[PDB]
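Student: Dropping the structure in here first, questions after.
Backbone-built Cβ (ideal geometry, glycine too); neighbour counts: all protein chains shown. Laboratory data are not the source of any read-out in this text; all were calculated from the coordinates shown.
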Amino acid sequence: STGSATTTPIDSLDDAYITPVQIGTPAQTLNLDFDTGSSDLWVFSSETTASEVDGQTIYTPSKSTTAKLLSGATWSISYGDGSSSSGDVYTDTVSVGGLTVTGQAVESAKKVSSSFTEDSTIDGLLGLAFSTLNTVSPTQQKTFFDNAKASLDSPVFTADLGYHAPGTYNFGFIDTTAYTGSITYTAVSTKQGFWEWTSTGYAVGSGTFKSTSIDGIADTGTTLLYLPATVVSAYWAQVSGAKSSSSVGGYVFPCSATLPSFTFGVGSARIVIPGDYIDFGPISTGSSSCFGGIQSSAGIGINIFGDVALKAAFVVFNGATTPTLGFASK
């Protein structure tokens, strides 16, 4: 089997991407944030505290003839941005782009933190990291990809995120029309539960490539590119007027600037992020200070190849017995 679904930016900055997902019988369609940095499929629901729902579409398990309470199971998750959610668990039928899993754990939110409430466009998350990170207790549950894998034509999914435009998540096949050149594959460590790999270096604009190992995660659920402070300083030093602002929380730059590109290494191959992809617009409405898309990871503990990096590439998440990542230009 295979699946193919379009993923759409939630706003004009590509702050995140939503993909329609069918849950239950009859189908209830929710727009979920596919997140290769976490491993829980959770949704706003009929059980979510009413004051914490503000425009999201909810899953109502009592209206699904295939929903079953997973007795005793609870979940609770906190993300790197400080947000969180928690609740109970149902199993139900979940389909993505024509690909169907029966008995998928659907984590129903009883509580969500304010950032989720405040984002009316995201109805929940669909985690695509490794199932070892799933938070369900006392019986940990599998991700949608893990449950579908055996049935897929090939044990892979691909992320093809658009810049200010829709893109595609495919399951079970590699669309050879979606990229240019060849796909370069690179090793993955699953020891932290992430799609963790080692970039071979970077370049700023037309500058010379610096060969240096950068361990990080491929995370579709993080907006920006978080890299070591040395790398980020070298980038922003090429932008007149750019500075790190403690009050704003990162590097800002004059909105009148034209940004240089940023290249990262995948083995001997190179992925070029155009400068425009690094512009996240005014820090506040009407400001002439703009927020940078490349930020320091020094306060995280891990480097994160988020959407800013991934949307410059066609990315293969290879879930074979030994997982690997593939990157191609497009």
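Student: Which of the residues belonging to the stretch 174-213 are of a type in the set (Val, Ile, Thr) and in contact (Cβ under 8 Å) with a residue 24 or more places away in the chain?
Tutor: 174, 180, 183, 184, 186, 188, 190, 200, 204
Student: Which count do you get for residues in the stretch 209-262 that are closer than 22 Å to residue 10 by Cβ and small (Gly, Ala, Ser)?
Tutor: Final tally of qualifying residues: 4.
Student: So residue 161 ticks every box in (1) aliphatic (A, V, I, L, M); (2) out of contact with any strand residue (DSSP E or B) (no Cβ under 7 Å at 6 or more places or on another chain); (3) under 22 Å from residue 29 (Cα atoms) but one. Which box is left unticked?
Tutor: Residue 161 satisfies every listed condition except (2).
Student: Please determine whether any residue of the stretch 85-99 is of a type in the set (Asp, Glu) and either over 13 Å from residue 44 (Cα atoms) or not in a loop (DSSP other than H, G, I, E, B) (or both).
Tutor: yes
Student: Just need a number here: residues in the stretch 210-235 that are in a helix (DSSP H, G or I) and more than 19 Å from residue 307 (Cβ to Cβ).
Tutor: Total satisfying the criteria: 4.
Student: Of the residues 271, 304, only one is of a type in the set (A, V, I, L, M, F, W, C) and under 17 Å from the mean Cα position of the chain (by Cα); which?
Tutor: Sole residue among the options that is of a type in the set (A, V, I, L, M, F, W, C) and under 17 Å from the mean Cα position of the chain (by Cα): 304.
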